[PDB]
Each structure stands twice: as C-alpha cells, then as structure tokens.
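Reviewing the structure listed below.
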Amino acid sequence: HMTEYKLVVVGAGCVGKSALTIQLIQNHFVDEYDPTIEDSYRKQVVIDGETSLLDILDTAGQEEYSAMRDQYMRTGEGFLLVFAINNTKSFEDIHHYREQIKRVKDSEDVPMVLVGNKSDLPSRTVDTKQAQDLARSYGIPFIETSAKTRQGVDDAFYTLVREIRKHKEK
Ligand SMILES: *CCC(=O)NCCNC(=O)O[C@H]1[C@@H](O)[C@H](n2cnc3c(=O)[nH]c(N)nc32)O[C@@H]1COP(=O)(O)OP(=O)(O)O
C-alpha cells in the first residue's frame, strides 16, 4: 500500500538541485545555501491516488567523478537533469550528465525530466525552445521550475514519477 520511488537530482553547481529538493520535501526555500538539505531526503505524498514515498538523492557537493555519484546513478529509478535558465554553461553541461547516466545504466530508455530552474529570475540566457529541442531529442519531458515560487516543482517530480510508472508497466 505504499510505493517507493528513488529519484536522483543532477546538474551543474548552483543550478538549484538542493533548493528544488528542499522545496518538494519541506515546503521551504531560502535564497542562500540551505543546510536543511541534510534533513531533506524522503517525502510521503499521494500522487494520482497512490501513496508514494519519494526518496530524493541530491548530487550537490559530489565531485564530477566519484564513487558516490556512481552509486546514485546506479540506484536511481528516474533523474531530474537540472540547469538554471540564467547560466548557459549549466545548460551546455546537460549532455555530459545525460551521457553519464546512460553509460551507468546501459540503457537508452532511463526515466528523466529536463528541468529549467530559476524561472522567477529575469535576464535568462537559455531560451525555452533550446531546452524543448534538447528534451525532444532525448525523448523526455521538459519542465520550467522555480524553487523560490514553487513554479513547476510538483510538476517536475510528479512527471518523473509518472515516467517511472510508464517504464515499469512496459
Ligand atoms: C550557488 C551560488 C550562489 O547563488 N551563491 C549565493 C548564495 N545563494 C545561494 O546559494 O542560493 C542558492 C539557491 O537559494 C538559489 N536558487 C535555487 N533555486 C532558485 C530559484 O528557482 N530561484 C531563485 N531566485 N534562486 C534559486 O540558487 C543557489 C544555489 O541553489 P542550490 O540548490 O544550493 O544549488 P545546487 O544544489 O544545484 O548546487
């Protein structure tokens, strides 16, 4: 009567992986480094009537190559690929994170969602159509988020859960 989902958040430094996680789990945000990430790893929530235990693994603080990152990529059932819409380099890095996950899984069909975070900020440098084209080429959804206003936060994590369900049922 509960179903666990193991969700992994990946992306360049400072894109908001940890803020997205804390907003989902604690309904909390601060515009600074948030030490409550240490306390923010499981949320129990009902999604489409299913009582779901969302275990969120946040790669913040890991080196770009580490044994713990590999453990996260091996255990994760779905991945959020996060970039920030005001940081072009973080968008350019998405290719690397996608390839790294695929190479661990030996699969071309891993549940993922592309997330463009910090959508509350003006002066974006990554346009939406760029991200839509990239997500289309990967076969995965794109969702714009803000960990500050909570724009898109439930949409991003719940969409990833629904992609996992589709994957499990064929
Ligand atoms: C990261 C460098 C930096 O910003 N340094 C200044 C101190 N402030 C922060 O670190 O702020 C963090 C978040 O509050 C902020 N953030 C995250 N998501 C945001 C959003 O949707 N809208 C706005 N306005 N700010 C947002 O970004 C900083 C980094 O977030 P993080 O969550 O700690 O980043 P990673 O885990 O991805 O490293």
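Chain identifiers are assigned as A, B, and so on, following the order in which chains appear in the structure tokens; residues are numbered from 1 within each chain, and ligands are numbered from 1 in order of appearance.
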Selection as a PyMOL selection string: residues within 6 Å of ligand 1 by only C-alpha atoms and all ligand atoms: chain A and resi 13-19+30-33+60+117-118+120-121+146-148
Could those residues be written to a file, using C-alpha atoms, as a PDB file, in the first residue's frame?
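That gives us result.pdb:
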```pdb
ATOM      1  CA  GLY A  13      26.806  23.524  -9.283  1.00  0.00           C
ATOM      2  CA  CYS A  14      24.351  26.240  -8.131  1.00  0.00           C
ATOM      3  CA  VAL A  15      21.532  25.406 -10.504  1.00  0.00           C
ATOM      4  CA  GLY A  16      19.127  24.706  -7.606  1.00  0.00           C
ATOM      5  CA  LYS A  17      19.252  20.908  -7.160  1.00  0.00           C
ATOM      6  CA  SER A  18      19.171  21.263  -3.395  1.00  0.00           C
ATOM      7  CA  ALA A  19      16.630  24.087  -3.327  1.00  0.00           C
ATOM      8  CA  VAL A  30      15.784  30.373   1.327  1.00  0.00           C
ATOM      9  CA  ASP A  31      17.866  32.318  -1.211  1.00  0.00           C
ATOM     10  CA  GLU A  32      21.123  31.145   0.401  1.00  0.00           C
ATOM     11  CA  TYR A  33      22.950  27.862   0.824  1.00  0.00           C
ATOM     12  CA  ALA A  60      25.199  18.534  -4.787  1.00  0.00           C
ATOM     13  CA  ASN A 117      15.179  26.127 -12.939  1.00  0.00           C
ATOM     14  CA  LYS A 118      15.234  29.725 -11.611  1.00  0.00           C
ATOM     15  CA  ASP A 120      11.445  33.554 -11.496  1.00  0.00           C
ATOM     16  CA  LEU A 121      14.651  35.406 -12.493  1.00  0.00           C
ATOM     17  CA  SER A 146      11.312  27.863  -9.679  1.00  0.00           C
ATOM     18  CA  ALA A 147      12.369  26.577  -6.265  1.00  0.00           C
ATOM     19  CA  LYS A 148      11.532  30.022  -4.915  1.00  0.00           C
TER      20      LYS A 148
END
```
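Of the residues in stretch 87-148 of chain A, those that DSSP places in alpha helix (DSSP H) on the basis of the backbone are residues 88, 89, 90, 91, 92, 94, 95, 96, 97, 98, 99, 100, 101, 102, 103, 104, 105, 128, 129, 130, 131, 132, 133, 134, 135, 136, 137 and 138 of chain A.
Nearest residue to residue A:7, choosing from A:124, A:96, A:42, A:136 and counting only C-alpha atoms: A:42.
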Give me, as a PyMOL selection string, all polymer residues having an atom no more than 12 Å from residue A:10, counting only C-alpha atoms and skipping those fewer than 5 positions away in the same chain. chain A and resi 15-18+20-21+56-64+69-70+72-73+76+78-84+90-91+93-101+112-115
Check stretch 39-82 of chain A with DSSP on the backbone and list each residue it calls strand (DSSP E), as an MDAnalysis selection string. chainID A and resid 42:47 50:58 78:82
I need the chosen residues saved as an mmCIF file, in the first residue's frame, with C-alpha atoms.
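Writing the result to part35.cif gives the following:
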```cif
data_model
loop_
_atom_site.group_PDB
_atom_site.id
_atom_site.type_symbol
_atom_site.label_atom_id
_atom_site.label_comp_id
_atom_site.auth_asym_id
_atom_site.auth_seq_id
_atom_site.Cartn_x
_atom_site.Cartn_y
_atom_site.Cartn_z
ATOM 1 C CA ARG A 42 12.121 11.480 1.810
ATOM 2 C CA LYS A 43 8.640 12.860 1.172
ATOM 3 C CA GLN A 44 5.446 10.845 1.630
ATOM 4 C CA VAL A 45 2.809 12.134 -0.783
ATOM 5 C CA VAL A 46 -0.223 10.928 -2.686
ATOM 6 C CA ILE A 47 0.230 11.101 -6.467
ATOM 7 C CA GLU A 50 -1.060 6.369 -4.913
ATOM 8 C CA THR A 51 0.710 6.816 -1.573
ATOM 9 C CA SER A 52 4.248 7.362 -2.741
ATOM 10 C CA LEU A 53 7.499 7.511 -0.793
ATOM 11 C CA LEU A 54 9.794 9.826 -2.765
ATOM 12 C CA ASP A 55 13.446 9.289 -1.812
ATOM 13 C CA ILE A 56 15.398 12.203 -3.283
ATOM 14 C CA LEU A 57 19.124 11.779 -3.851
ATOM 15 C CA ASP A 58 20.843 15.093 -4.365
ATOM 16 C CA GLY A 78 14.481 8.421 -12.506
ATOM 17 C CA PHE A 79 16.612 11.530 -12.911
ATOM 18 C CA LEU A 80 15.946 15.233 -12.972
ATOM 19 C CA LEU A 81 18.514 16.894 -15.305
ATOM 20 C CA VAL A 82 18.580 20.430 -13.896
#
```
How many Å separate atom CA of residue A:22 from atom CA of residue A:133? 28.6 Å
